[PDB]
file model_2.pdb (PDB, C-alpha atoms)
ATOM      1  CA  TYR A   1       0.188  32.293  -7.111
ATOM      2  CA  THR A   2       2.378  29.336  -6.146
ATOM      3  CA  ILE A   3       1.272  26.252  -4.212
ATOM      4  CA  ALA A   4       2.723  22.789  -3.652
ATOM      5  CA  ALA A   5       1.128  20.160  -1.414
ATOM      6  CA  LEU A   6       1.424  16.392  -1.040
ATOM      7  CA  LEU A   7      -0.897  14.106   0.924
ATOM      8  CA  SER A   8      -0.735  10.308   1.166
ATOM      9  CA  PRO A   9      -3.499   9.323   3.660
ATOM     10  CA  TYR A  10      -3.801   5.583   4.287
ATOM     11  CA  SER A  11      -6.418   3.542   6.127
TER
ATOM     12  CA  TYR B   1       4.906   2.750   5.331
ATOM     13  CA  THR B   2       7.501   4.538   3.203
ATOM     14  CA  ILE B   3       7.124   7.964   1.593
ATOM     15  CA  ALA B   4       9.599  10.387   0.045
ATOM     16  CA  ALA B   5       8.589  13.658  -1.609
ATOM     17  CA  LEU B   6      10.330  16.933  -2.428
ATOM     18  CA  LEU B   7       8.673  20.186  -3.510
ATOM     19  CA  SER B   8      10.366  23.524  -4.215
ATOM     20  CA  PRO B   9       7.565  25.896  -5.383
ATOM     21  CA  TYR B  10       8.799  29.394  -6.260
ATOM     22  CA  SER B  11       6.834  32.545  -7.046
TER
ATOM     23  CA  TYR C   1      -4.658  -1.836   8.010
ATOM     24  CA  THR C   2      -2.452  -4.747   9.072
ATOM     25  CA  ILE C   3      -3.560  -7.830  11.001
ATOM     26  CA  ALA C   4      -2.066 -11.260  11.633
ATOM     27  CA  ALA C   5      -3.686 -13.897  13.842
ATOM     28  CA  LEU C   6      -3.335 -17.652  14.261
ATOM     29  CA  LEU C   7      -5.674 -19.962  16.173
ATOM     30  CA  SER C   8      -5.457 -23.758  16.452
ATOM     31  CA  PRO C   9      -8.266 -24.772  18.882
ATOM     32  CA  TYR C  10      -8.529 -28.513  19.534
ATOM     33  CA  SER C  11     -11.168 -30.580  21.319
TER
ATOM     34  CA  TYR D   1       0.184 -31.218  20.775
ATOM     35  CA  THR D   2       2.791 -29.398  18.689
ATOM     36  CA  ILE D   3       2.404 -25.974  17.066
ATOM     37  CA  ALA D   4       4.874 -23.533  15.542
ATOM     38  CA  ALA D   5       3.854 -20.275  13.870
ATOM     39  CA  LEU D   6       5.569 -16.984  13.064
ATOM     40  CA  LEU D   7       3.896 -13.752  11.943
ATOM     41  CA  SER D   8       5.563 -10.399  11.253
ATOM     42  CA  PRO D   9       2.763  -8.059  10.027
ATOM     43  CA  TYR D  10       3.965  -4.547   9.176
ATOM     44  CA  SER D  11       1.964  -1.424   8.371
TER
ATOM     45  CA  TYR E   1      -9.424 -35.946  23.320
ATOM     46  CA  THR E   2      -7.218 -38.828  24.465
ATOM     47  CA  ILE E   3      -8.344 -41.903  26.405
ATOM     48  CA  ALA E   4      -6.821 -45.308  27.121
ATOM     49  CA  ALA E   5      -8.467 -47.949  29.304
ATOM     50  CA  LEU E   6      -8.080 -51.699  29.768
ATOM     51  CA  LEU E   7     -10.431 -54.025  31.644
ATOM     52  CA  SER E   8     -10.159 -57.812  31.977
ATOM     53  CA  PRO E   9     -13.026 -58.833  34.334
ATOM     54  CA  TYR E  10     -13.261 -62.571  35.020
ATOM     55  CA  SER E  11     -15.949 -64.628  36.749
TER
ATOM     56  CA  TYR F   1      -4.517 -65.159  36.597
ATOM     57  CA  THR F   2      -1.864 -63.275  34.630
ATOM     58  CA  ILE F   3      -2.254 -59.889  32.938
ATOM     59  CA  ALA F   4       0.235 -57.385  31.538
ATOM     60  CA  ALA F   5      -0.773 -54.180  29.761
ATOM     61  CA  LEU F   6       0.892 -50.852  28.999
ATOM     62  CA  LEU F   7      -0.809 -47.686  27.740
ATOM     63  CA  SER F   8       0.800 -44.290  27.109
ATOM     64  CA  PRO F   9      -1.983 -42.043  25.683
ATOM     65  CA  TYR F  10      -0.836 -38.507  24.851
ATOM     66  CA  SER F  11      -2.836 -35.436  23.855
TER
ATOM     67  CA  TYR G   1       5.248  66.135 -22.900
ATOM     68  CA  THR G   2       7.369  63.137 -21.921
ATOM     69  CA  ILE G   3       6.235  60.123 -19.899
ATOM     70  CA  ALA G   4       7.637  56.645 -19.314
ATOM     71  CA  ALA G   5       6.047  54.081 -16.999
ATOM     72  CA  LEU G   6       6.272  50.314 -16.580
ATOM     73  CA  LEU G   7       3.971  48.100 -14.517
ATOM     74  CA  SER G   8       4.071  44.300 -14.218
ATOM     75  CA  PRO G   9       1.363  43.400 -11.633
ATOM     76  CA  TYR G  10       0.992  39.676 -10.951
ATOM     77  CA  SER G  11      -1.598  37.705  -8.995
TER
ATOM     78  CA  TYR H   1       9.716  36.688 -10.246
ATOM     79  CA  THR H   2      12.263  38.433 -12.467
ATOM     80  CA  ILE H   3      11.912  41.865 -14.074
ATOM     81  CA  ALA H   4      14.381  44.248 -15.697
ATOM     82  CA  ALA H   5      13.384  47.533 -17.328
ATOM     83  CA  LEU H   6      15.151  50.782 -18.197
ATOM     84  CA  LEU H   7      13.522  54.067 -19.226
ATOM     85  CA  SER H   8      15.262  57.366 -19.998
ATOM     86  CA  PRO H   9      12.483  59.802 -21.092
ATOM     87  CA  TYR H  10      13.734  63.293 -21.983
ATOM     88  CA  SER H  11      11.798  66.484 -22.708
TER
ATOM     89  CA  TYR I   1     -26.534 -59.379  37.956
ATOM     90  CA  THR I   2     -28.522 -56.156  37.610
ATOM     91  CA  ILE I   3     -27.233 -52.834  36.283
ATOM     92  CA  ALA I   4     -28.889 -49.650  35.045
ATOM     93  CA  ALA I   5     -26.976 -46.547  33.960
ATOM     94  CA  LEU I   6     -27.770 -43.480  31.866
ATOM     95  CA  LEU I   7     -25.293 -40.929  30.514
ATOM     96  CA  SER I   8     -26.045 -37.942  28.270
ATOM     97  CA  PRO I   9     -22.696 -36.083  27.879
ATOM     98  CA  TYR I  10     -22.846 -32.983  25.680
ATOM     99  CA  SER I  11     -20.122 -30.734  24.286
TER
ATOM    100  CA  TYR J   1     -30.598 -28.730  28.387
ATOM    101  CA  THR J   2     -33.458 -30.996  29.461
ATOM    102  CA  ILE J   3     -33.191 -34.625  30.581
ATOM    103  CA  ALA J   4     -35.567 -36.978  32.382
ATOM    104  CA  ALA J   5     -34.791 -40.634  33.078
ATOM    105  CA  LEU J   6     -36.024 -43.252  35.540
ATOM    106  CA  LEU J   7     -34.423 -46.625  36.281
ATOM    107  CA  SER J   8     -35.575 -49.222  38.820
ATOM    108  CA  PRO J   9     -33.204 -52.230  38.412
ATOM    109  CA  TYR J  10     -33.953 -55.136  40.766
ATOM    110  CA  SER J  11     -31.968 -58.302  41.477
TER
ATOM    111  CA  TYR K   1     -26.303   5.411  13.104
ATOM    112  CA  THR K   2     -29.150   3.181  14.284
ATOM    113  CA  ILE K   3     -28.863  -0.449  15.387
ATOM    114  CA  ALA K   4     -31.197  -2.780  17.259
ATOM    115  CA  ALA K   5     -30.427  -6.442  17.927
ATOM    116  CA  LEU K   6     -31.606  -9.053  20.422
ATOM    117  CA  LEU K   7     -30.014 -12.444  21.098
ATOM    118  CA  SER K   8     -31.087 -15.033  23.677
ATOM    119  CA  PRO K   9     -28.746 -18.049  23.174
ATOM    120  CA  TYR K  10     -29.472 -20.952  25.535
ATOM    121  CA  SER K  11     -27.498 -24.132  26.168
TER
ATOM    122  CA  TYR L   1     -21.902 -25.215  22.735
ATOM    123  CA  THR L   2     -23.944 -22.017  22.443
ATOM    124  CA  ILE L   3     -22.736 -18.698  21.033
ATOM    125  CA  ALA L   4     -24.443 -15.535  19.814
ATOM    126  CA  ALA L   5     -22.578 -12.434  18.637
ATOM    127  CA  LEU L   6     -23.454  -9.383  16.553
ATOM    128  CA  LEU L   7     -21.024  -6.849  15.089
ATOM    129  CA  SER L   8     -21.853  -3.888  12.840
ATOM    130  CA  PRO L   9     -18.518  -2.039  12.316
ATOM    131  CA  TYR L  10     -18.757   1.050  10.106
ATOM    132  CA  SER L  11     -16.082   3.269   8.583
TER
ATOM    133  CA  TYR M   1     -22.147  39.499  -2.233
ATOM    134  CA  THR M   2     -24.980  37.276  -1.003
ATOM    135  CA  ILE M   3     -24.690  33.638   0.083
ATOM    136  CA  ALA M   4     -27.005  31.308   1.981
ATOM    137  CA  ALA M   5     -26.238  27.641   2.624
ATOM    138  CA  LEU M   6     -27.387  25.024   5.125
ATOM    139  CA  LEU M   7     -25.803  21.621   5.757
ATOM    140  CA  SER M   8     -26.843  19.025   8.343
ATOM    141  CA  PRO M   9     -24.536  15.992   7.783
ATOM    142  CA  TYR M  10     -25.222  13.093  10.154
ATOM    143  CA  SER M  11     -23.232   9.916  10.742
TER
ATOM    144  CA  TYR N   1     -17.831   8.758   7.045
ATOM    145  CA  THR N   2     -19.831  11.989   6.845
ATOM    146  CA  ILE N   3     -18.622  15.303   5.430
ATOM    147  CA  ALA N   4     -20.329  18.500   4.298
ATOM    148  CA  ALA N   5     -18.455  21.579   3.086
ATOM    149  CA  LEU N   6     -19.354  24.661   1.063
ATOM    150  CA  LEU N   7     -16.938  27.172  -0.455
ATOM    151  CA  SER N   8     -17.796  30.166  -2.653
ATOM    152  CA  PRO N   9     -14.458  31.991  -3.255
ATOM    153  CA  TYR N  10     -14.718  35.101  -5.435
ATOM    154  CA  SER N  11     -12.056  37.300  -7.017
TER
ATOM    155  CA  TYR O   1     -17.828  73.822 -17.326
ATOM    156  CA  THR O   2     -20.628  71.641 -15.959
ATOM    157  CA  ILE O   3     -20.382  67.984 -14.937
ATOM    158  CA  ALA O   4     -22.638  65.694 -12.919
ATOM    159  CA  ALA O   5     -21.940  61.998 -12.366
ATOM    160  CA  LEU O   6     -23.018  59.372  -9.839
ATOM    161  CA  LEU O   7     -21.490  55.920  -9.343
ATOM    162  CA  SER O   8     -22.445  53.323  -6.724
ATOM    163  CA  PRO O   9     -20.265  50.232  -7.450
ATOM    164  CA  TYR O  10     -20.888  47.314  -5.082
ATOM    165  CA  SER O  11     -19.003  44.048  -4.641
TER
ATOM    166  CA  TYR P   1     -13.736  42.855  -8.483
ATOM    167  CA  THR P   2     -15.688  46.118  -8.617
ATOM    168  CA  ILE P   3     -14.459  49.434 -10.029
ATOM    169  CA  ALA P   4     -16.144  52.670 -11.082
ATOM    170  CA  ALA P   5     -14.261  55.733 -12.324
ATOM    171  CA  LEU P   6     -15.168  58.846 -14.301
ATOM    172  CA  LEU P   7     -12.762  61.344 -15.857
ATOM    173  CA  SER P   8     -13.642  64.378 -17.991
ATOM    174  CA  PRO P   9     -10.291  66.148 -18.669
ATOM    175  CA  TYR P  10     -10.558  69.284 -20.810
ATOM    176  CA  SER P  11      -7.877  71.429 -22.443
TER
END

call {"tool": "encode", "arguments": {"input": "model_2.pdb", "output": "structure tokens"}}
result
Amino acid sequence: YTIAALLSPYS
Amino acid sequence: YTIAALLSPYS
Amino acid sequence: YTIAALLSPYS
Amino acid sequence: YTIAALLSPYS
Amino acid sequence: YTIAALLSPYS
Amino acid sequence: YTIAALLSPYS
Amino acid sequence: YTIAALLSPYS
Amino acid sequence: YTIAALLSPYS
Amino acid sequence: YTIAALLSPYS
Amino acid sequence: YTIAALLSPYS
Amino acid sequence: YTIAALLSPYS
Amino acid sequence: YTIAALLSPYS
Amino acid sequence: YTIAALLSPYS
Amino acid sequence: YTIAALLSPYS
Amino acid sequence: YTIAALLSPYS
Amino acid sequence: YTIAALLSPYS
């Protein structure tokens, strides 16, 4: 499989 | 805020 | 978060 | 009275 | 506060 | 009588 | 007999 | 993906 | 002369 | 607040 | 959540 | 002066 | 398959 | 915060 | 010939 | 996964 995810959650 | 991201996932 | 407050109370 | 204040808060 | 008073009572 | 007084109170 | 088969199964 | 295969089976 | 005064100023 | 005062000034 | 507070401020 | 304040901020 | 799960998350 | 999650992924 | 086989595969 | 197979090939 192939997966690429980016998450930069700030408060 | 400042965010820069690149993702080229291939199978 | 981001906060900026100024208070100069005089009697 | 005399007061001078500057605030540039960025997120 | 700010107060200024003058009194010169004579008899 | 003679009286002379000046008062300039600022806040 | 003669047989030729190729299989490259990926997940 | 990338696959290259050749098969020439003769009887 | 006769004088009587009471003052209880609170902040 | 609570205040109680009595004054009977005579001449 | 659970909160219980009582305040009786008098002047 | 008289002041009473309660604050229970949760995340 | 067989799965059994219970979750009671409170704030 | 409050979070509850269950995941039982099988192949 | 004689053959007898039973298979009950469950997931 | 779940797999069940039987093969009795005779000549």

call {"tool": "resolve_selection", "arguments": {"input": "model_2.pdb", "expression": "the PyMOL selection byres ((chain L and resi 7) around 12)", "output": "list in words"}}
result
residues 3, 4 and 5 of chain K; 4, 5, 6, 8, 9 and 10 of chain L

call {"tool": "axis_aligned_box", "arguments": {"input": "model_2.pdb", "around": "chain I", "padding_each_side": "3 Å", "output": "JSON"}}
result
{"center_x": -24.5, "center_y": -45.1, "center_z": 31.1, "size_x": 14.8, "size_y": 34.6, "size_z": 19.7}

call {"tool": "calpha_fit_and_write", "arguments": {"input": "model_2.pdb", "fixed": "chain L", "moving": "chain O", "output": "PDB file with C-alpha atoms, in the frame of the given file"}}
result
ATOM      1  CA  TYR O   1     -21.965 -25.235  22.766  1.00  0.00           C
ATOM      2  CA  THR O   2     -23.940 -22.003  22.416  1.00  0.00           C
ATOM      3  CA  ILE O   3     -22.683 -18.700  21.008  1.00  0.00           C
ATOM      4  CA  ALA O   4     -24.433 -15.542  19.836  1.00  0.00           C
ATOM      5  CA  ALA O   5     -22.598 -12.423  18.669  1.00  0.00           C
ATOM      6  CA  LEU O   6     -23.454  -9.403  16.527  1.00  0.00           C
ATOM      7  CA  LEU O   7     -21.013  -6.849  15.105  1.00  0.00           C
ATOM      8  CA  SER O   8     -21.817  -3.898  12.834  1.00  0.00           C
ATOM      9  CA  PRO O   9     -18.490  -2.032  12.301  1.00  0.00           C
ATOM     10  CA  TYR O  10     -18.790   1.056  10.091  1.00  0.00           C
ATOM     11  CA  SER O  11     -16.109   3.291   8.596  1.00  0.00           C
TER      12      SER O  11
END

call {"tool": "atom_distance", "arguments": {"input": "model_2.pdb", "atom1": "atom CA of residue N:11", "atom2": "atom CA of residue M:1"}}
result
11.4 Å
